[PDB]
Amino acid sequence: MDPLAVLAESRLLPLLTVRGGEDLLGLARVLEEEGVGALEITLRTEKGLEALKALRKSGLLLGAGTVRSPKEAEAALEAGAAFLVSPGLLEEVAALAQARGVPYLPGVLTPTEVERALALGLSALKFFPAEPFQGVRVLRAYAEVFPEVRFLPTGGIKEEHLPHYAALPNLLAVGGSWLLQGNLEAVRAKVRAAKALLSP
């Protein structure tokens, strides 16, 4: 029994930076209509918090992104977040997450970073920034030598990258914000498309 089961099932994790006019509930529905029931609200704006609050009942597995301290981590959880994400590994955020019994996906890049995370009992890791660092080819090398790690790649991933990611066996989901630009029929399309480019 997996707490990231929803995540594993989408294979897809949109990220959202709130500018404050978004139709959140609208978005929520489209996402869940399309087979994608997780979403990540970045805390790069205080409105990211208000948006977790607003989406609490939405039925989405909600993630909090850019969580950069134990306090920001606590705040996210009290806002409705079910999992935490940060760009690099914060041991103190992992201590908060294990304390509250919620999943924490620290970002990693190097094999050494992978061991360090593993050493904290974390085996579901962000890979960030994925595109500049050659996500697909890197996660292919980690499939062999880290057979126990699942990865959440994010960072500059475009649609055309998807079929390459879909062939990897150590893939938890692919993250991005690219999915979410446009209007509700726009976003739906992109989601439906990325959903299809993964598992063909």
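We number the residues from 1 along the sequence you see.
Annotation for 141-149 versus 37-45: the higher mean temperature factor (C-alpha) is found in 37-45. A summary of the deposited B-factors shows that, of 107-115 and 86-94, the stretch with the larger mean C-alpha value is 86-94. Across 16, 24, 189, 13, the entry's maximum B-factor at the CA atom is seen for 189. In the deposited entry, the Cα temperature factor of residue 62 places it in the lowest third of its chain's modelled residues. When all modelled residues of the chain are sorted by CA temperature factor, residue 53 is found within the middle third. In the deposited entry, the Cα temperature factor of residue 168 places it in the middle third of its chain's modelled residues. Among the modelled residues of the chain, residue 162 sits in the middle third by CA temperature factor in this PDB entry.
The deposited CA B-factor of residue 174 belongs to the lowest third of values across its chain.
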